[PDB]
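Novice: Provided herewith is a single structure, encoded as structure tokens, for subsequent inquiry.
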Amino acid sequence: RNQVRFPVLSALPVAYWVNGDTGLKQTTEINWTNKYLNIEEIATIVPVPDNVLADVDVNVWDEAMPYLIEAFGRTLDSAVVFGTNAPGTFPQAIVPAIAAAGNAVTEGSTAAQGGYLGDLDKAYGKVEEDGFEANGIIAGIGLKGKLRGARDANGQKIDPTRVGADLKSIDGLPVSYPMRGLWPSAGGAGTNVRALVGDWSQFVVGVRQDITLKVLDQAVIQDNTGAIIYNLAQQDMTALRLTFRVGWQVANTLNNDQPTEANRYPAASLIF
Amino acid sequence: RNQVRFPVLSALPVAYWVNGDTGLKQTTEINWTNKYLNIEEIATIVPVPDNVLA
Amino acid sequence: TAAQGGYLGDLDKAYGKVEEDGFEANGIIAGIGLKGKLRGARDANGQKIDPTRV
Amino acid sequence: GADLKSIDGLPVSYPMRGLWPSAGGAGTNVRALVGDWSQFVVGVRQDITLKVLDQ
């Protein structure tokens, strides 16, 4: 059903020294709370003329499908990672939250400081200090340029073993390059982001209904005024409808390190 | 032939968030186009006197 | 410049425009004048840059 | 060690999560300790003992 609820901890007991044999003991109580996961819907509708659909070179309902499936992928990814017009019932988008927790690292350190690997070495510290441990890297294509350019004060490579020759791994962690084309890579100082690192185990995604596919033979297509754009029946046309239902949540729970919740996040970012 | 033609994909569909439990599910088409591979020619003439050839 | 890995650093750079345009290269074409500039790939102390790659 | 659990063959550990004095003036903060831990003794007269109350 439409929403789910997770119970979670919110305070811990504490102990005390007793003054002498006779000093009075002291009091504490635990408290819990809860977090929610909401669901939202993606849809599209596609029309075509009936004669065209027969006289065509090859079958469009086979040709189009992979491109529809990709598009249904990318709108989701875009909304969650960057907050691109996302429905307001979701949590705050990843990049703004990492910045709000103070876990965003500005690029720029000298070859003597370890060059660009020195910034990545710094990025782990933010996650570790928030009490989590990272397990994978997500990046835009421009990160390859920085990695390829990581050079010593005399021009040789920094830390020469520590990166896979295929650019698929660093420190033995896996790397990947999705949403390619979307990554904010032009703009003023500090607006641009090159990679993310975090504990990806912390994030959950729920799908309530997969890609559902329906043909239409005799419906009517409107615009927001209630005027009619196409009478699918009288005009000898056909259409296809797609829908999908999803939501996600982050479980940034209380722990002994970084107990003030506004300062935790299970990820960190590299920015310019 | 003096030309050949290649079909190619020109634009892609998109998708939308539905507003609430009831709102218009907005709409998209998809489009192809083509390219053309023309042909041209290189040539020369090389003249010489017959006595030189002998 | 030598501290940036010399001429190899700019070949490394030239790879980043093709990558970003969504492709990756698989062969190199050059004028013979490259040979000398390529042998000139020296570290600030005089050793070779990136010795095993070439 | 690549796991950050050993230096020079000695073991390392990270207890009291969040307590380590890490902000203040100059010289107010401490990062790590090294020693011969064999020389330190602890005695416990009784374990955790537990009672429930009504009145």
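Every chain in the structure tokens takes a letter, A first, then B, and so on in the order presented; its residues are numbered from 1, and the ligands are numbered from 1 following the presented order.
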Give me the residues within 7 Å of region 28-43 of chain B as a short mmCIF file (atom, residue, chain, number, x, y, z; two decimals) with N, CA and C atoms, in the first residue's frame, counting only C-alpha atoms and dropping any in the same chain fewer than 4 places off.

Specialist:
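Written out: around.cif:
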data_model
loop_
_atom_site.label_atom_id
_atom_site.label_comp_id
_atom_site.auth_asym_id
_atom_site.auth_seq_id
_atom_site.Cartn_x
_atom_site.Cartn_y
_atom_site.Cartn_z
N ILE A 45 2.40 9.05 -22.54
CA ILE A 45 1.52 8.52 -23.59
C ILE A 45 2.03 8.92 -24.98
N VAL A 46 2.00 7.99 -25.93
CA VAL A 46 2.56 8.14 -27.28
C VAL A 46 1.49 7.84 -28.33
N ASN B 2 25.72 6.46 -57.73
CA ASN B 2 26.38 7.76 -57.55
C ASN B 2 26.07 8.44 -56.20
N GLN B 3 25.16 7.87 -55.40
CA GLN B 3 24.88 8.26 -54.01
C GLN B 3 24.34 7.06 -53.22
N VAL B 4 24.54 7.01 -51.91
CA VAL B 4 23.83 6.08 -51.02
C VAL B 4 23.28 6.79 -49.79
N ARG B 5 22.22 6.24 -49.19
CA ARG B 5 21.48 6.89 -48.10
C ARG B 5 21.46 6.03 -46.84
N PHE B 6 21.70 6.65 -45.70
CA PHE B 6 21.65 6.02 -44.39
C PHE B 6 20.54 6.63 -43.53
N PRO B 7 19.60 5.85 -42.98
CA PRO B 7 18.68 6.35 -41.97
C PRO B 7 19.39 6.51 -40.64
N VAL B 8 18.96 7.45 -39.80
CA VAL B 8 19.54 7.68 -38.48
C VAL B 8 18.50 8.27 -37.53
N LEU B 9 18.60 7.98 -36.23
CA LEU B 9 17.67 8.49 -35.23
C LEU B 9 17.96 9.96 -34.89
N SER B 10 16.93 10.80 -34.77
CA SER B 10 17.08 12.26 -34.65
C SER B 10 16.65 12.86 -33.31
N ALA B 11 15.68 12.25 -32.63
CA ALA B 11 15.21 12.72 -31.32
C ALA B 11 14.62 11.58 -30.49
N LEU B 12 14.53 11.76 -29.17
CA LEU B 12 14.15 10.73 -28.20
C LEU B 12 12.94 11.14 -27.35
N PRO B 13 12.14 10.18 -26.86
CA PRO B 13 11.01 10.45 -25.98
C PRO B 13 11.46 10.88 -24.58
N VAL B 14 10.52 11.35 -23.76
CA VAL B 14 10.74 11.76 -22.36
C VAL B 14 9.57 11.30 -21.48
#

Novice: Residue 264 (chain A): which residues within 6 Å, counting only C-alpha atoms, same-chain residues fewer than 2 positions away excluded, as a VMD selection string?

Specialist: chain A and resid 101 130 261 to 262

Novice: Taking only C-alpha atoms into account, find every residue of chain C that has an atom no more than 9 Å from chain A, and write it out as a list in words.

Specialist: residues 2, 3, 4, 5, 6, 9, 12, 13, 15, 16, 19, 20, 22, 42, 43, 44, 45, 48, 49 and 50 of chain C

Novice: Can you list every residue in region 69-266 of chain A that DSSP puts in alpha helix (DSSP H), as a ChimeraX atom specification?

Specialist: /A:69-82,94-100,115-129,143-148

Novice: Separation of CA of residue 97 (chain A) and CA of residue 268 (chain A), in Å?

Specialist: 9.7 Å

Novice: Distance limit 10 Å, atoms considered: only C-alpha atoms. Which chain D residues sit that close to chain A? Return them as a ChimeraX atom specification.

Specialist: /D:2,16-19

Novice: Output C-alpha atoms of each residue in that selection to a file, as a JSON list (two decimals), in the first residue's frame.

Specialist:
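For reference, out.json as written:
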[["chain", "number", "residue", "atom", "x", "y", "z"],
["D", 2, "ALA", "CA", 46.19, -1.29, 4.16],
["D", 16, "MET", "CA", 35.17, 5.74, 22.94],
["D", 17, "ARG", "CA", 33.53, 6.76, 19.64],
["D", 18, "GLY", "CA", 33.12, 10.58, 19.70],
["D", 19, "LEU", "CA", 34.80, 11.46, 23.06]]

Novice: Considering only C-alpha atoms, give me a table of residues in chain A that are at most 12 Å from chain B, with the closest atom pair and distance in Å for each, as CSV.

Specialist:
residue,atom,partner,partner_atom,distance
A:2,CA,B:21,CA,11.2
A:39,CA,B:20,CA,10.7
A:40,CA,B:17,CA,7.6
A:41,CA,B:18,CA,5.6
A:42,CA,B:17,CA,4.7
A:43,CA,B:16,CA,5.7
A:44,CA,B:15,CA,5.4
A:45,CA,B:27,CA,4.8
A:46,CA,B:28,CA,5.5
A:47,CA,B:29,CA,7.1
A:48,CA,B:29,CA,8.2
A:49,CA,B:29,CA,11.5
A:56,CA,B:32,CA,12.0
A:57,CA,B:7,CA,10.7
A:60,CA,B:30,CA,9.8
A:61,CA,B:30,CA,11.6
A:63,CA,B:30,CA,10.4
A:64,CA,B:30,CA,8.0
A:65,CA,B:13,CA,10.2
A:66,CA,B:13,CA,10.6
A:67,CA,B:12,CA,7.0
A:68,CA,B:13,CA,6.5
A:69,CA,B:15,CA,9.8
A:70,CA,B:14,CA,9.1
A:71,CA,B:14,CA,5.6
A:72,CA,B:15,CA,6.2
A:73,CA,B:15,CA,9.4
A:74,CA,B:15,CA,9.0
A:75,CA,B:15,CA,6.8
A:76,CA,B:17,CA,9.3
A:78,CA,B:15,CA,11.8
A:79,CA,B:17,CA,9.9
A:84,CA,B:17,CA,11.2
A:85,CA,B:17,CA,9.1
A:86,CA,B:17,CA,8.0
A:87,CA,B:17,CA,7.4
A:88,CA,B:19,CA,10.5
A:89,CA,B:20,CA,10.5
A:220,CA,B:24,CA,11.7
A:221,CA,B:24,CA,9.3
A:222,CA,B:24,CA,8.1
A:223,CA,B:24,CA,7.7
A:224,CA,B:24,CA,7.4
A:225,CA,B:24,CA,10.9
A:226,CA,B:24,CA,10.3
A:229,CA,B:27,CA,11.5
A:230,CA,B:27,CA,11.8
A:239,CA,B:27,CA,10.1
A:240,CA,B:27,CA,10.0
A:241,CA,B:25,CA,8.7
A:242,CA,B:15,CA,9.2
A:243,CA,B:25,CA,9.4
A:244,CA,B:17,CA,9.8
A:245,CA,B:17,CA,9.9
A:246,CA,B:17,CA,10.9

Novice: Could you dump the residues just selected with C-alpha atoms as an mmCIF file, in the first residue's frame?

Specialist:
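Contents of the output file out.cif:
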data_model
loop_
_atom_site.group_PDB
_atom_site.id
_atom_site.type_symbol
_atom_site.label_atom_id
_atom_site.label_comp_id
_atom_site.auth_asym_id
_atom_site.auth_seq_id
_atom_site.Cartn_x
_atom_site.Cartn_y
_atom_site.Cartn_z
ATOM 1 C CA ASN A 2 0.783 3.690 -0.589
ATOM 2 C CA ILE A 39 5.451 6.660 -3.324
ATOM 3 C CA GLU A 40 4.980 8.694 -6.563
ATOM 4 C CA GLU A 41 4.131 7.972 -10.234
ATOM 5 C CA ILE A 42 5.871 8.374 -13.621
ATOM 6 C CA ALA A 43 3.851 8.224 -16.872
ATOM 7 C CA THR A 44 3.940 8.942 -20.648
ATOM 8 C CA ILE A 45 1.523 8.520 -23.590
ATOM 9 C CA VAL A 46 2.559 8.139 -27.281
ATOM 10 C CA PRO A 47 0.202 8.534 -30.327
ATOM 11 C CA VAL A 48 0.662 7.300 -33.961
ATOM 12 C CA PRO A 49 -1.540 7.313 -37.154
ATOM 13 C CA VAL A 56 6.373 1.765 -41.818
ATOM 14 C CA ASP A 57 9.846 0.353 -42.555
ATOM 15 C CA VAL A 60 7.774 0.826 -33.977
ATOM 16 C CA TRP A 61 6.401 -0.975 -30.878
ATOM 17 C CA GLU A 63 11.907 -0.178 -31.932
ATOM 18 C CA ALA A 64 10.741 2.382 -29.345
ATOM 19 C CA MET A 65 10.667 0.286 -26.131
ATOM 20 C CA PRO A 66 14.379 0.441 -25.101
ATOM 21 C CA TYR A 67 14.347 4.247 -25.450
ATOM 22 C CA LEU A 68 11.177 4.547 -23.314
ATOM 23 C CA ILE A 69 12.733 2.295 -20.640
ATOM 24 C CA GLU A 70 15.905 4.432 -20.595
ATOM 25 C CA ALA A 71 13.852 7.648 -20.266
ATOM 26 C CA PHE A 72 11.846 6.181 -17.345
ATOM 27 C CA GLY A 73 15.251 5.411 -15.792
ATOM 28 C CA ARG A 74 16.820 8.864 -16.229
ATOM 29 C CA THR A 75 13.927 11.004 -14.912
ATOM 30 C CA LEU A 76 14.073 8.979 -11.676
ATOM 31 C CA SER A 78 17.789 12.999 -12.092
ATOM 32 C CA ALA A 79 15.091 13.728 -9.520
ATOM 33 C CA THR A 84 15.373 18.356 -10.731
ATOM 34 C CA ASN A 85 11.689 19.322 -10.217
ATOM 35 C CA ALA A 86 11.183 16.275 -7.925
ATOM 36 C CA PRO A 87 7.732 15.730 -6.291
ATOM 37 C CA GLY A 88 7.765 17.449 -2.875
ATOM 38 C CA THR A 89 6.719 14.285 -0.942
ATOM 39 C CA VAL A 220 -9.668 11.107 -26.611
ATOM 40 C CA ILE A 221 -6.600 13.349 -26.045
ATOM 41 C CA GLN A 222 -7.131 16.742 -24.333
ATOM 42 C CA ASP A 223 -5.090 19.689 -23.144
ATOM 43 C CA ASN A 224 -5.379 21.468 -19.770
ATOM 44 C CA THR A 225 -8.220 23.745 -21.096
ATOM 45 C CA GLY A 226 -10.489 20.743 -21.802
ATOM 46 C CA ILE A 229 -6.522 17.777 -29.573
ATOM 47 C CA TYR A 230 -7.095 14.270 -31.051
ATOM 48 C CA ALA A 239 -1.788 5.270 -28.837
ATOM 49 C CA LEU A 240 0.257 3.561 -26.117
ATOM 50 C CA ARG A 241 0.417 4.465 -22.387
ATOM 51 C CA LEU A 242 3.126 3.696 -19.816
ATOM 52 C CA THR A 243 3.146 4.004 -15.987
ATOM 53 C CA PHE A 244 5.524 3.237 -13.075
ATOM 54 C CA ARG A 245 5.366 3.769 -9.224
ATOM 55 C CA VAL A 246 8.364 4.281 -6.864
#

Novice: Report, in Å to a single decimal, how far apart CA of residue 196 (chain A) and CA of residue 139 (chain A) are.

Specialist: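 Straight-line distance from CA of residue 139 (chain A) to CA of residue 196 (chain A) works out to 6.2 Å.
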
Novice: CA of residue 30 (chain A) to CA of residue 11 (chain A): how many Å, to one decimal?

Specialist: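 Here the two named atoms are 5.5 Å from each other.
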
Novice: Give me the residues within 9 Å of residue 21 (chain D) as a PDB file with N, CA, C and O atoms, in the first residue's frame, counting only C-alpha atoms and dropping any in the same chain fewer than 6 places off.

Specialist:
ATOM      1  N   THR D  28      45.442  21.733  23.288  1.00  0.00           N
ATOM      2  CA  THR D  28      44.310  21.213  24.065  1.00  0.00           C
ATOM      3  C   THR D  28      43.827  19.847  23.596  1.00  0.00           C
ATOM      4  O   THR D  28      42.997  19.247  24.271  1.00  0.00           O
ATOM      5  N   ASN D  29      44.296  19.342  22.461  1.00  0.00           N
ATOM      6  CA  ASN D  29      43.679  18.206  21.788  1.00  0.00           C
ATOM      7  C   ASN D  29      44.636  17.020  21.722  1.00  0.00           C
ATOM      8  O   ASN D  29      45.852  17.184  21.663  1.00  0.00           O
ATOM      9  N   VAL D  30      44.101  15.806  21.723  1.00  0.00           N
ATOM     10  CA  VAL D  30      44.896  14.575  21.726  1.00  0.00           C
ATOM     11  C   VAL D  30      44.390  13.633  20.654  1.00  0.00           C
ATOM     12  O   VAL D  30      43.185  13.471  20.496  1.00  0.00           O
ATOM     13  N   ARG D  31      45.301  13.022  19.896  1.00  0.00           N
ATOM     14  CA  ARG D  31      44.938  12.183  18.749  1.00  0.00           C
ATOM     15  C   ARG D  31      45.170  10.701  18.986  1.00  0.00           C
ATOM     16  O   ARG D  31      44.320   9.897  18.621  1.00  0.00           O
TER      17      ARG D  31
END
